[PDB]
Amino acid sequence: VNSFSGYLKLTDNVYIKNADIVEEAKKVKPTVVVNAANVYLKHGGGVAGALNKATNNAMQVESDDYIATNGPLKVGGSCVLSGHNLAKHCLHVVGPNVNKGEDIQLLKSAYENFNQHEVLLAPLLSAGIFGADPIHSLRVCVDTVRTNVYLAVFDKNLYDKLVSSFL
Ligand SMILES: OC[C@H](Cc1cccs1)Nc1ncnc2[nH]ccc12
Ligand SMILES: [Cl-]
């Protein structure tokens, strides 16, 4: 039993809700919140910009030190950093950004990072400003993640479409 509330159950392990991931994380304080990161951990817009703003830019400061030490992530890769005031940990995951011409096949590799954590609050990878089809992202999530994932979907029209189209 966990403290996630109001989710629709899609499979044994995948749940979904129309919610602002920032407001969700503040309420639940999950062990892991997933950020929709880029390889530079430049948290400018989308989920990343929103999460960073909620940390008063502390996420960006920590991220800049991470990059200075380690260099950029790989597309499809991840790193674990602090969750600041939002969660214990933030798993920064880089899905392919279609608006940069990145291979959508790397979306499965991106979701594989979730399997290293028993429970996660997450957005749909490569959705939103990353340009991929969110219905496809949900399908890859369900077919790749085996741990317990609570998906927050920002856009209401998208949430209803994802549920009503889910197979
Ligand atoms: O798949 C990630 C989605 C993409 C979108 C499609 C339409 C509108 S946003 N973004 C988010 N999902 C959940 N919480 C969020 N908080 C801020 C942004 C955000
Ligand atoms: Cl977005």
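One structure accompanies this document, and this report is about it. (Residues numbered from 1 in each chain as written, not as in the entry; some residues may be left out. Chains lettered and ligands numbered in written order. Heavy atoms only, no water.)

### Topic: the packing of aromatic side chains
Moving on, step 1. Enumeration according to the criterion identifies five aromatic pairs in this entry.
Moving on, step 2. Ring geometry for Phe-4 against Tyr-7: centres 5.7 Å apart, planes inclined by 90°, an arrangement best described as edge-to-face. Each member of the pair, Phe-4 as well as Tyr-7, is classed as buried.
Moving on, step 3. Judged by centre distance (5.2 Å) and plane angle (70°), the rings of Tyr-111 and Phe-114 are edge-to-face. Grouping residues by exposure puts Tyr-111 and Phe-114 together as buried.
Moving on, step 4. Members of the aromatic cluster, each reached through a chain of ring pairs, are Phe-4, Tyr-7, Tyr-15 and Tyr-150. (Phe/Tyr/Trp six-rings, centres within 6.5 Å; stacked < 30°, edge-to-face > 60°. Buried < 20%, exposed > 50% of the residue type's maximum accessible area, 1.4 Å probe, protein only.)

### Section: helix α5 (residues 134-144)
Since the α-helix turns once every 3.6 residues, residues separated by three or four places project in the same direction.
Moving on, step 1. Turning to α5, its buried residues are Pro-134, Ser-137, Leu-138, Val-140, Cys-141, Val-142 and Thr-144.
Moving on, step 2. Turning to α5, the residues buried within the fold contact β2 (14-18), α4 (106-112), β7 (148-153) and α6 (156-165).
Moving on, step 3. One side-chain oxygen of the residue at the start of α5 lies 2.9 Å from the amide nitrogen of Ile-135, identifying that residue as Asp-133. (Helix = DSSP H or I, 4+ residues; strand = E, 2+ residues; numbered from the N terminus. Contact = heavy atoms within 4.5 Å. Polar contact = N/O pair within 3.5 Å; in protein donor to acceptor, adjacent residues only side chain to side chain.)

### As for the nonpolar core
Moving on, step 1. Counting residues in each nonpolar core, the largest one holds 26 residues, and the members touching the most others are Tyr-111, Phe-114 and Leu-151.
Moving on, step 2. Per-element tally for this core: the top contributor is α5, with four residues.
Moving on, step 3. Other than its neighbours up to four places away in sequence, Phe-114 contacts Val-34, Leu-91, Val-93, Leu-120, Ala-122, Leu-125, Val-145, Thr-147 and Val-149.
Moving on, step 4. Residues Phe-4, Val-28, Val-33 and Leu-86 belong to the second largest nonpolar core, which totals 17 residues. (Core = buried A, V, L, I, M, F, W, Y, C linked by side-chain atoms within 4.5 Å.)

### Considerations on the pattern of salt bridges
Moving on, step 1. The full count for this structure, using the stated rule, is four salt bridges.
Moving on, step 2. As a salt-bridge pair, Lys-26 and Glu-23 come within 2.9 Å of each other at their nearest N and O atoms. Of this pair, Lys-26 and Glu-23 are both found in helix α1 (residues 21-28), three residues apart, which corresponds to roughly one turn of the helix.
Moving on, step 3. Owing to a relative accessible area of 44%, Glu-23 belongs among the partly exposed residues under this scheme.
Moving on, step 4. A salt bridge links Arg-139 to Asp-143, with the shortest nitrogen-to-oxygen separation between them at 3.0 Å. (Salt bridge = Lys/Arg side-chain N within 4 Å of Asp/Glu carboxyl O.)

### Details of the site of ligand 1
Moving on, step 1. Taken together, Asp-20, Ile-21, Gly-46, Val-47, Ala-50, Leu-124, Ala-127, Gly-128, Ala-152, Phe-154 and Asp-155 are the residues near ligand 1.
Moving on, step 2. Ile-21 places a polar main-chain atom, nitrogen or oxygen, 3.3 Å from a nitrogen atom of ligand 1.
Moving on, step 3. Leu-124 places a polar main-chain atom, nitrogen or oxygen, 2.8 Å from an oxygen atom of ligand 1.
Moving on, step 4. Considering ligand 1 on its own, with 440 Å² of exposed area, one finds that the protein chains cover 81% of that surface.
Moving on, step 5. For the shell around ligand 1, the leading source of residues is helix α2 (residues 46-54), giving three residues. (Near = heavy atom within 4 Å. Areas by Shrake-Rupley, 256 points an atom, 1.4 Å probe, with all protein chains shown as cover.)

### Digging into the environment of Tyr-111
Moving on, step 1. Inspection of the secondary structure puts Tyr-111 in helix α4.
Moving on, step 2. Taking C-alpha positions, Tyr-111 is 25 Å from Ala-68, a pair spaced 43 residues apart along the chain.
Moving on, step 3. For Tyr-111, the contacting residues outside a window of four places in its chain are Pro-123, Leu-124, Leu-125, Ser-137, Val-140, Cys-141, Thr-144 and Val-145.
Moving on, step 4. A polar contact is formed between the side chain of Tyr-111 and the side chain of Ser-137, at a distance of 2.7 Å.

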